[PDB]
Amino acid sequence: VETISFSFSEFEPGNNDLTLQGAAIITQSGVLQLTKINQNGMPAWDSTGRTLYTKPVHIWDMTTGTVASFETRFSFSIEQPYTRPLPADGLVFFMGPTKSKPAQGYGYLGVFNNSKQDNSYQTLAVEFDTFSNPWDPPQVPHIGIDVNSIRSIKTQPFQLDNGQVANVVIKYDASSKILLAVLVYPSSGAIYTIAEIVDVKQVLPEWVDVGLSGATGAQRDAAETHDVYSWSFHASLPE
């Protein structure tokens, strides 16, 4: 069995096990700010940032046909400072081709480049979407499972507890092909769940990079914070 795992109780500036991209920044206090926070302490619009675990994950083996099961956990906070314009756009956990570069920002969360379902993306993602784009359900924010597209194969609305820390748990069981996500707000006790069938073997390449990405809006002040406090990951590939 081939296994890989990491756990950051807090983010460490300078730890090479994590690559920062775009506006992404790790504060001295240990917080990962995916989208730029201005001098005045407020989230900047037109911003996109990501972080990738430096080491690639062996998610499945073509020769043997085996597929790994995995789980990732992280705590994050989103603070929407203005009543208008609407806030945007969200953050997301993603898995895809190794050594990828940030894609289009805004509603594409830095992971996609358009709103088409393309197998060439070879990406699987769990989003926490804050702005309703033409391809989105009307309810916002919402959790969404993305398979080779920003257009979720399934979504689940949830209420944002402004500035409060949300605990997220994502798990994929290769035998049942079930990918599930759970979001918990310890502040209010609220619990949300979403799940769907996903055959990673039909989506992702054998080796992938796992990461987090966030993006703020296209017009002035259509922004919000996309801070992450901790991130753990584990994958087990049977032989």
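All residue numbers are counted from 1 along the displayed sequence.
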Averaging the C-alpha B factors as listed in the entry, name the stretch that ends up higher: 216 to 224 or 10 to 18.
10 to 18
Averaging the C-alpha temperature factors as deposited, the higher value of 55 to 63 versus 188 to 196 falls on 55 to 63
Hey, out of 96, 141, 144, 102, whose CA B-factor is highest in the deposited coordinates?
102
Looking at the C-alpha B-factor values in the deposited entry, which of 75, 152, 80, 114 comes out highest?
114
Relative to the other modelled residues of the same chain, rank the CA B-factor of residue 43 and answer lowest, middle or highest third.
highest
Within this chain's modelled residues, let me know which third the CA B factor of residue 176 belongs to: lowest, middle or highest.
lowest
Here the Cα B-factor of residue 29, set against its chain, lands in the third termed middle
Residue 160: CA B-factor among chain residues, third -> highest
Going by what the PDB entry lists, where does residue 204 fall on CA B-factor within its chain: lowest, middle or highest third?
middle
